[PDB]
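S.K.: Next comes the structure file data-v5.tsv, holding TSV, C-alpha atoms.
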chain	number	residue	atom	x	y	z
A	2	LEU	CA	93.36	123.31	65.48
A	3	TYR	CA	93.42	126.51	63.28
A	4	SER	CA	91.00	124.91	60.77
A	5	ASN	CA	87.66	125.36	62.58
A	6	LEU	CA	89.13	128.43	64.37
A	7	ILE	CA	88.86	130.59	61.25
A	8	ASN	CA	85.24	129.46	60.66
A	9	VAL	CA	84.23	130.07	64.32
A	10	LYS	CA	86.00	133.48	64.02
A	11	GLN	CA	83.74	134.19	60.99
A	12	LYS	CA	80.65	133.10	62.98
A	13	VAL	CA	81.49	135.25	66.05
A	14	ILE	CA	82.45	138.23	63.86
A	15	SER	CA	79.03	137.95	62.07
A	16	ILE	CA	77.61	139.42	65.31
A	17	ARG	CA	79.19	142.80	64.47
A	18	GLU	CA	76.87	143.28	61.41
A	19	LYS	CA	73.78	142.65	63.55
A	20	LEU	CA	74.82	145.81	65.41
A	21	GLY	CA	74.55	148.87	63.15
A	22	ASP	CA	77.98	150.56	63.07
A	23	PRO	CA	79.12	152.88	60.18
A	24	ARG	CA	82.70	151.51	60.03
A	25	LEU	CA	81.45	148.35	58.28
A	26	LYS	CA	82.18	148.31	54.56
A	27	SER	CA	81.47	145.62	51.99
A	28	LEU	CA	84.62	144.26	50.35
A	29	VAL	CA	84.57	142.28	47.10
A	30	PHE	CA	87.43	140.75	45.07
A	31	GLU	CA	87.58	139.29	41.54
A	32	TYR	CA	89.79	136.25	42.41
A	33	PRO	CA	88.65	134.01	39.51
A	34	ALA	CA	89.20	135.38	35.99
A	35	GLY	CA	85.87	137.16	35.15
A	36	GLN	CA	83.54	136.81	38.17
A	37	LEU	CA	83.64	137.96	41.75
A	38	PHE	CA	84.59	136.67	45.20
A	39	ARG	CA	82.90	138.36	48.18
A	40	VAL	CA	84.18	138.24	51.72
A	41	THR	CA	81.46	136.82	54.01
A	42	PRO	CA	81.53	139.31	56.92
A	43	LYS	CA	80.76	142.99	56.39
A	44	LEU	CA	84.00	143.82	58.17
A	45	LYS	CA	85.13	147.20	59.42
A	46	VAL	CA	87.81	149.37	57.90
A	47	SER	CA	89.56	152.60	58.90
A	48	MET	CA	91.00	155.30	56.63
A	49	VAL	CA	94.67	156.24	57.03
A	50	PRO	CA	94.96	159.96	56.03
A	51	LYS	CA	96.07	161.07	52.60
A	52	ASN	CA	99.56	162.05	51.50
A	53	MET	CA	100.57	164.25	48.56
A	54	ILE	CA	103.06	162.31	46.38
A	55	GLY	CA	104.32	162.23	42.77
A	56	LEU	CA	102.78	159.98	40.13
A	57	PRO	CA	103.75	156.23	40.60
A	58	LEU	CA	103.64	155.90	36.78
A	59	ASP	CA	106.44	158.45	36.39
A	60	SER	CA	107.79	159.85	39.73
A	61	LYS	CA	109.77	162.73	38.20
A	62	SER	CA	106.88	164.34	36.33
A	63	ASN	CA	104.64	167.39	36.74
A	64	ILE	CA	101.56	165.19	37.45
A	65	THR	CA	101.15	164.52	41.16
A	66	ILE	CA	98.45	162.65	43.07
A	67	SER	CA	97.28	161.96	46.61
A	68	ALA	CA	97.71	158.41	47.83
A	69	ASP	CA	94.59	157.32	49.70
A	70	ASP	CA	94.64	153.99	51.55
A	71	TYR	CA	92.21	151.92	53.67
A	72	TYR	CA	93.09	149.77	56.69
A	73	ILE	CA	91.10	146.50	56.80
A	74	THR	CA	91.61	144.86	60.16
A	75	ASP	CA	89.51	141.73	60.66
A	76	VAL	CA	89.52	139.73	57.32
A	77	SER	CA	89.34	135.91	57.44
A	78	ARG	CA	92.11	133.62	56.10
A	79	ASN	CA	89.40	131.46	54.38
A	80	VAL	CA	89.59	133.78	51.36
A	81	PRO	CA	92.08	132.55	48.69
A	82	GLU	CA	95.57	134.15	48.94
A	83	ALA	CA	95.62	134.77	45.15
A	84	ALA	CA	92.54	137.04	45.59
A	85	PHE	CA	94.95	139.64	47.05
A	86	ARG	CA	96.69	139.87	43.64
A	87	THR	CA	93.47	141.12	42.08
A	88	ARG	CA	91.71	144.48	42.40
A	89	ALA	CA	89.27	144.99	45.23
A	90	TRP	CA	86.15	147.06	45.62
A	91	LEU	CA	84.79	148.74	48.73
A	92	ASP	CA	81.03	149.35	48.86
A	93	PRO	CA	80.31	148.00	45.34
A	94	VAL	CA	76.92	147.59	43.68
A	95	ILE	CA	76.00	144.49	41.68
A	96	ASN	CA	73.30	144.80	39.02
A	97	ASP	CA	71.02	142.02	37.64
A	98	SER	CA	74.12	140.90	35.68
A	99	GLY	CA	77.47	139.64	37.08
A	100	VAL	CA	79.19	143.05	36.60
A	101	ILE	CA	79.65	145.95	39.07
A	102	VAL	CA	78.63	149.52	38.20
A	103	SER	CA	79.74	151.70	41.13
A	104	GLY	CA	82.11	151.26	44.06
A	105	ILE	CA	85.45	152.35	45.43
A	106	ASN	CA	88.40	150.85	43.57
A	107	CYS	CA	91.37	149.65	45.61
A	108	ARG	CA	94.42	147.42	45.27
A	109	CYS	CA	96.16	145.44	48.06
A	110	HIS	CA	99.19	147.59	48.96
A	111	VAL	CA	100.58	145.83	52.06
A	112	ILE	CA	99.70	142.54	53.80
A	113	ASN	CA	99.95	142.05	57.57
A	114	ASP	CA	99.59	138.31	58.35
A	115	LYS	CA	101.13	138.09	61.86
A	116	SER	CA	97.92	136.64	63.30
A	117	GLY	CA	97.53	132.97	62.21
A	118	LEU	CA	93.72	133.01	62.03
A	119	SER	CA	92.84	136.30	60.21
A	120	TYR	CA	94.61	138.53	57.62
A	121	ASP	CA	94.88	142.31	58.17
A	122	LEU	CA	95.62	144.39	55.06
A	123	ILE	CA	95.99	147.91	53.82
A	124	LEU	CA	94.72	148.61	50.33
A	125	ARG	CA	95.43	151.71	48.28
A	126	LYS	CA	92.72	153.42	46.28
A	127	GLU	CA	93.15	153.65	42.53
A	128	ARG	CA	94.04	157.08	41.10
A	129	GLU	CA	90.81	156.94	39.09
A	130	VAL	CA	87.73	155.70	40.98
A	131	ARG	CA	84.09	155.16	40.02
A	132	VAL	CA	82.46	156.92	43.01
B	1	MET	CA	107.48	204.38	34.09
B	2	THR	CA	106.42	203.26	37.62
B	3	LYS	CA	105.69	199.56	38.23
B	4	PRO	CA	102.23	199.89	40.02
B	5	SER	CA	100.68	201.59	36.96
B	6	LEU	CA	102.42	199.02	34.72
B	7	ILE	CA	101.24	196.04	36.89
B	8	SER	CA	97.65	197.39	36.90
B	9	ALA	CA	97.84	197.50	33.10
B	10	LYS	CA	99.37	193.98	33.06
B	11	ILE	CA	96.54	192.40	35.13
B	12	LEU	CA	94.03	194.40	33.02
B	13	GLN	CA	95.50	192.90	29.81
B	14	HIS	CA	95.39	189.45	31.51
B	15	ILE	CA	91.64	189.56	32.38
B	16	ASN	CA	90.76	191.72	29.31
B	17	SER	CA	89.31	189.07	27.02
B	18	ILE	CA	91.22	185.87	27.82
B	19	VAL	CA	91.09	184.58	31.41
B	20	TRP	CA	87.94	184.99	33.50
B	21	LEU	CA	89.18	185.56	37.05
B	22	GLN	CA	86.45	184.93	39.65
B	23	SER	CA	88.63	185.84	42.65
B	24	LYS	CA	92.14	187.07	43.40
B	25	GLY	CA	93.90	185.40	46.32
B	26	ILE	CA	96.33	182.70	47.38
B	27	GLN	CA	93.92	179.82	48.06
B	28	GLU	CA	92.38	176.98	45.99
B	29	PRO	CA	88.58	177.66	45.80
B	30	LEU	CA	86.06	175.58	47.80
B	31	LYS	CA	83.08	177.34	46.16
B	32	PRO	CA	80.76	175.10	44.04
B	33	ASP	CA	80.89	175.26	40.23
B	34	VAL	CA	79.69	178.72	39.16
B	35	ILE	CA	76.35	178.77	37.31
B	36	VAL	CA	76.05	181.41	34.56
B	37	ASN	CA	73.49	181.18	31.70
B	38	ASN	CA	72.46	177.78	33.20
B	39	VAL	CA	75.97	176.45	32.46
B	40	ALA	CA	78.36	175.25	35.18
B	41	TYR	CA	82.00	176.42	35.11
B	42	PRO	CA	84.94	175.39	37.38
B	43	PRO	CA	86.08	177.74	40.19
B	44	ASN	CA	89.28	179.68	39.60
B	45	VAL	CA	91.73	182.01	41.34
B	46	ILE	CA	94.70	184.14	40.43
B	47	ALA	CA	97.79	184.71	42.56
B	48	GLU	CA	99.75	187.83	41.62
B	49	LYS	CA	103.26	186.98	42.81
B	50	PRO	CA	105.56	189.73	44.20
B	51	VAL	CA	107.90	191.30	41.63
B	52	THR	CA	111.35	189.69	41.70
B	53	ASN	CA	114.66	190.10	39.84
B	54	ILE	CA	114.35	193.91	39.98
B	55	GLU	CA	117.66	194.97	38.45
B	56	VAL	CA	118.81	198.34	37.05
B	57	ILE	CA	121.66	197.88	34.57
B	58	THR	CA	122.21	201.38	33.03
B	59	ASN	CA	124.01	199.47	30.25
B	60	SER	CA	121.66	199.28	27.27
B	61	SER	CA	121.58	201.13	23.94
B	62	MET	CA	117.93	202.08	24.45
B	63	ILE	CA	118.76	204.65	27.20
B	64	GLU	CA	118.93	208.22	25.88
B	65	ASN	CA	120.98	210.85	27.74
B	66	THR	CA	118.43	213.69	27.46
B	67	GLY	CA	120.65	215.87	29.70
B	68	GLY	CA	117.90	216.71	32.20
B	69	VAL	CA	117.96	213.76	34.60
B	70	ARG	CA	119.74	210.41	34.23
B	71	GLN	CA	117.54	207.64	32.82
B	72	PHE	CA	117.61	203.97	33.62
B	73	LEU	CA	116.49	200.69	32.12
B	74	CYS	CA	114.91	198.34	34.62
B	75	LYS	CA	114.38	194.63	34.21
B	76	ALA	CA	111.74	192.77	36.16
B	77	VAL	CA	110.06	189.37	36.23
B	78	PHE	CA	106.31	189.60	36.77
B	79	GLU	CA	104.80	186.30	37.82
B	80	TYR	CA	101.10	185.40	37.76
B	81	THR	CA	99.65	182.00	38.74
B	82	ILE	CA	96.14	180.95	37.57
B	83	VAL	CA	94.53	177.93	39.24
B	84	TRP	CA	91.37	176.15	38.06
B	85	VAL	CA	89.64	173.58	40.26
B	86	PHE	CA	87.75	170.78	38.52
B	87	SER	CA	85.44	168.81	40.81
B	88	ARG	CA	85.62	165.01	40.68
B	89	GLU	CA	81.82	164.78	40.88
B	90	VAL	CA	81.57	165.78	37.21
B	91	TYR	CA	85.15	164.91	36.07
B	92	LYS	CA	85.52	161.21	36.96
B	93	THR	CA	88.74	160.44	35.03
B	94	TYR	CA	91.85	162.62	34.55
B	95	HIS	CA	91.81	162.47	30.73
B	96	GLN	CA	88.27	163.90	30.39
B	97	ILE	CA	89.25	167.22	32.10
B	98	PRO	CA	89.64	170.04	29.51
B	99	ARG	CA	93.43	170.50	29.72
B	100	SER	CA	93.57	171.38	26.00
B	101	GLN	CA	91.25	174.37	26.47
B	102	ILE	CA	93.33	175.53	29.49
B	103	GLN	CA	96.50	175.39	27.34
B	104	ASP	CA	94.68	177.31	24.56
B	105	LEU	CA	93.59	179.96	27.10
B	106	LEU	CA	97.17	180.18	28.42
B	107	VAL	CA	98.74	180.59	24.93
B	108	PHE	CA	96.10	183.22	24.06
B	109	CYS	CA	97.00	185.23	27.20
B	110	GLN	CA	100.70	184.94	26.33
B	111	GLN	CA	100.08	186.24	22.79
B	112	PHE	CA	97.83	189.08	23.98
B	113	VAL	CA	100.27	190.30	26.68
B	114	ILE	CA	103.22	190.06	24.21
B	115	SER	CA	101.40	191.96	21.42
B	116	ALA	CA	100.11	194.82	23.64
B	117	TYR	CA	103.47	196.75	23.78
B	118	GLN	CA	101.82	200.16	23.32
B	119	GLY	CA	98.85	199.16	25.56
B	120	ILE	CA	100.62	198.20	28.79
B	121	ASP	CA	102.96	201.22	29.14
B	122	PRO	CA	104.59	203.49	26.46
B	123	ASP	CA	108.03	203.05	28.04
B	124	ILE	CA	108.22	199.26	27.60
B	125	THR	CA	111.36	198.39	25.60
B	126	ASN	CA	111.17	194.57	25.80
B	127	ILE	CA	108.67	191.86	26.83
B	128	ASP	CA	109.86	188.23	26.75
B	129	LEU	CA	108.36	184.95	28.02
B	130	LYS	CA	109.83	182.33	30.28
B	131	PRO	CA	108.67	178.70	29.61
B	132	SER	CA	105.24	178.27	31.28
B	133	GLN	CA	104.61	175.31	33.57
B	134	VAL	CA	101.24	173.52	33.62
B	135	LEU	CA	100.56	171.23	36.56
B	136	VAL	CA	97.72	168.77	37.21
B	137	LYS	CA	98.49	168.50	40.93
B	138	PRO	CA	95.60	167.76	43.35
B	139	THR	CA	93.84	170.57	45.26
B	140	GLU	CA	95.18	171.61	48.72
B	141	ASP	CA	92.52	169.78	50.79
B	142	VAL	CA	89.46	170.05	48.51
B	143	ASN	CA	87.51	166.79	48.20
B	144	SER	CA	84.56	166.28	45.88
B	145	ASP	CA	83.05	162.78	45.85
B	146	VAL	CA	82.66	159.76	48.16
B	147	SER	CA	85.93	158.38	49.68
B	148	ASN	CA	87.11	162.00	49.96
B	149	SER	CA	89.15	161.94	46.74
B	150	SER	CA	91.08	165.15	46.08
B	151	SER	CA	89.73	167.38	43.28
B	152	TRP	CA	91.69	168.06	40.13
B	153	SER	CA	93.68	171.34	40.19
B	154	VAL	CA	95.13	172.79	37.00
B	155	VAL	CA	97.85	175.30	37.79
B	156	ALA	CA	99.41	177.46	35.11
B	157	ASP	CA	102.11	180.07	35.66
B	158	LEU	CA	102.98	183.09	33.51
B	159	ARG	CA	106.36	184.73	34.06
B	160	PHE	CA	106.94	187.84	31.94
B	161	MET	CA	110.53	189.13	31.70
B	162	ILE	CA	110.05	192.80	30.95
B	163	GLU	CA	112.47	195.63	30.35
B	164	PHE	CA	111.29	199.20	30.62
B	165	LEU	CA	112.51	202.76	30.94
B	166	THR	CA	112.48	204.73	34.20
B	167	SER	CA	113.76	208.05	35.53
B	168	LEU	CA	114.27	209.59	38.99
B	169	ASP	CA	111.58	212.25	38.28
B	170	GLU	CA	108.80	209.62	37.99
B	171	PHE	CA	108.82	208.79	41.72
B	172	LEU	CA	107.05	211.15	44.13
B	173	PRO	CA	105.93	210.78	47.79
B	174	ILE	CA	102.32	210.30	46.59
B	175	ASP	CA	102.99	206.71	45.44
B	176	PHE	CA	104.60	205.85	48.81
B	177	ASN	CA	101.63	207.30	50.83
B	178	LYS	CA	100.72	204.24	52.95
B	179	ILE	CA	104.26	202.84	53.45
B	180	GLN	CA	106.50	205.88	54.05
B	181	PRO	CA	105.80	209.41	55.40
B	182	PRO	CA	107.31	212.23	53.28
B	183	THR	CA	110.20	214.18	54.88
B	184	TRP	CA	111.21	211.75	57.65
B	185	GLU	CA	114.14	211.92	60.13
B	186	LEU	CA	117.54	210.20	59.62
B	187	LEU	CA	118.12	207.05	61.74
B	188	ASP	CA	121.58	208.08	63.04
B	189	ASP	CA	121.03	211.91	63.23
B	190	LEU	CA	122.62	212.32	59.77
B	191	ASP	CA	121.68	214.95	57.16
B	192	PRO	CA	119.73	213.89	54.01
B	193	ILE	CA	121.65	214.29	50.75
B	194	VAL	CA	119.41	216.45	48.54
B	195	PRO	CA	119.52	215.43	44.81
B	196	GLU	CA	120.24	218.07	42.17
B	197	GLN	CA	117.39	220.44	41.32
B	198	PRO	CA	116.59	221.49	37.72
B	199	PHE	CA	118.45	224.75	37.15
B	200	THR	CA	116.57	227.64	35.49
B	201	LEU	CA	118.45	230.33	33.56
B	202	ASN	CA	117.07	233.68	34.73
B	203	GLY	CA	120.11	235.85	33.94
B	204	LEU	CA	123.47	235.68	32.17
B	205	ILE	CA	126.61	237.71	32.95
B	206	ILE	CA	129.52	237.87	30.49
B	207	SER	CA	132.86	239.45	31.37
B	208	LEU	CA	135.11	239.60	28.30
B	209	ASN	CA	138.79	240.45	28.19
B	210	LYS	CA	140.69	242.36	25.52
B	211	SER	CA	143.93	240.38	25.08
B	212	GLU	CA	147.38	241.67	24.17
B	213	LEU	CA	148.77	241.82	20.60
B	214	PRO	CA	150.68	238.45	20.22
B	215	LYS	CA	147.96	236.05	21.42
B	216	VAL	CA	145.40	235.36	24.17
B	217	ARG	CA	146.97	233.82	27.31
B	218	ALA	CA	144.21	234.11	29.96
B	219	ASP	CA	146.39	233.20	33.00
B	220	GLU	CA	148.40	236.35	33.93
B	221	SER	CA	146.31	239.41	34.84
B	222	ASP	CA	148.47	242.05	33.12
B	223	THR	CA	148.12	240.55	29.59
B	224	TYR	CA	144.44	241.36	29.22
B	225	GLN	CA	142.25	244.38	29.91
B	226	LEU	CA	138.64	244.27	31.07
B	227	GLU	CA	136.48	245.88	28.39
B	228	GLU	CA	132.86	245.54	29.51
B	229	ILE	CA	130.61	243.43	31.73
B	230	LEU	CA	127.48	242.42	29.84
B	231	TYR	CA	124.14	241.43	31.35
B	232	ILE	CA	122.15	239.66	28.61
B	233	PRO	CA	118.70	240.69	29.94
B	234	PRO	CA	118.97	244.43	30.93
B	235	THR	CA	116.70	243.76	33.94
B	236	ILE	CA	119.46	241.73	35.66
B	237	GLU	CA	121.15	245.10	36.45
B	238	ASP	CA	120.48	246.10	40.10
B	239	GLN	CA	118.87	242.63	40.71
B	240	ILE	CA	121.80	240.25	41.47
Translate this file's structure into structure tokens.
M.R.:
Amino acid sequence: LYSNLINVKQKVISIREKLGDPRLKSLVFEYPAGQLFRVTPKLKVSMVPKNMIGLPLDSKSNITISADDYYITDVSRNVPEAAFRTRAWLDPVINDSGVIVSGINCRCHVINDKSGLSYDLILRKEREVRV
Amino acid sequence: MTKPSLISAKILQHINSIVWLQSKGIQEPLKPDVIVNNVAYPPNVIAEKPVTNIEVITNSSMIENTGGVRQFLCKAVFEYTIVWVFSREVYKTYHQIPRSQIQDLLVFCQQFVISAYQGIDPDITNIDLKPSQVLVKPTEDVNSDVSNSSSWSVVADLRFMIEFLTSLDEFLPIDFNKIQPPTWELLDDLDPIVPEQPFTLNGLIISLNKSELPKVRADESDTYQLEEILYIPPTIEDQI
């Protein structure tokens, strides 16, 4: 069916969090304009190693940076597609208010959507991060 | 004179009152911020680059023929690289790092090295500055904070084009002590060509000729008579 398949995939994946593994990271998005959208499972993510590159703002400049990216493997399709056009945060903290203080700032760099029941995406860290 | 004494004076002028150099070596520092007077300061290093563009032109107006030994004017480019590492733990954003103070420190070193003509070596004839490059590249592999973000590295080069006087007499086997033995053997069984040695005048002999009546000729031996042979110091008689 592909409709209940994504939801059952979320239910079966929710077993992974009951086992304490350190690869699990909390991902949040800001899909609506002002407030946040959180992925339900505390999914796992790997880190592709860094590469030393020029600035993406101006490539032919003295300022250079290291591009750091994260590889998120099992992320449900139930999340809105337009969420991927908005900045994402890995391990964020929410206060008493609706804002976030600390976390690791990332932007969706490349989408892999070959599997029909889950997305898989790589997201690049911002050049300036909070923590 | 010799470049090792000159380079020692150049690094001394560099660290004299401008740049504080914690260590000297080709490596970005992984030491923590250095605590002095209860104040934290970023780690730094200096790389003294090998002297390049060593050229001897013998074609300048500031070379005097003193008549003892031939002088030369040597041009060299002396390159120093100073690197400061700013940890991302304290410096969260790029724009809050103190790039302005680094540029001020760099311009102060440039002014101090340029002004100190009489303080680096007496035989300096020119000191000029190439355009300095300031880079805010990341550190080699130094990470500070969570997510392993690379630390800020501020790299500033100083390339001094410097023209100075030299002579053959300034170089002795003492300054080559750990690289070359004195009085070595030739690689193909050849003889070494000995340079000229300063000649000392320890006697003078004059033989004058009394020429014939019309004029001096000085070619044919019958047109002049030997008068006397004069030894200017009397002690040269019976000696040589």
S.K.: Between B:202, B:103, B:93, B:115, which one has atoms that come closest to chain A, using only C-alpha atoms?
M.R.: B:93
S.K.: Quick one: which residues from chain A are at most 12 Å off chain B, using only C-alpha atoms, as a PyMOL selection string?
M.R.: chain A and resi 26+47-56+62-71+91-92+103-107+125-132
S.K.: Just give me the gap between atom CA of residue B:108 and atom CA of residue B:76 in Å, one decimal is fine.
M.R.: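 Atom-to-atom, atom CA of residue B:108 and atom CA of residue B:76 are spaced 22.0 Å apart.
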S.K.: Identify, on the basis of only C-alpha atoms, every residue whose closest approach to stretch 95-101 of chain A does not exceed 10 Å; exclude the query and any residue fewer than 2 positions from it along the same chain; express the result as a ChimeraX atom specification.
M.R.: /A:35-37,90,93,103-104
S.K.: Can you work out the spacing between atom CA of residue B:25 and atom CA of residue B:166 in Å, to one decimal?
M.R.: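 Value for the atom CA of residue B:25-atom CA of residue B:166 distance: 29.4 Å.
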S.K.: Here is a test: counting only C-alpha atoms, which residue of B:39, B:6, B:19, B:232 is nearest to residue B:206?
M.R.: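 That would be B:232, the residue with the smallest distance to residue B:206.
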S.K.: Extract, using all atoms listed in the file, all DNA, RNA and protein residues at most 7 Å from stretch 49-51 of chain B, discarding same-chain residues fewer than 4 positions from it, and format them as a PyMOL selection string.
M.R.: chain B and resi 76-80
S.K.: Just the residues within 12 Å of residue A:114, please, counting all atoms listed in the file, with nothing from its chain fewer than 6 positions along; format it as JSON, numbers by chain.
M.R.: {"A": [73, 74, 75, 76, 77, 78, 82, 120, 121, 122, 123]}
S.K.: I'd like the interatomic distance between atom CA of residue B:87 and atom CA of residue B:29, to a tenth of an Å.
M.R.: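 We find that atom CA of residue B:87 and atom CA of residue B:29 lie 10.6 Å from each other.
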S.K.: Between A:5, A:41, A:60, A:119, which has the minimum distance to residue A:27 (counting only C-alpha atoms)?
M.R.: A:41
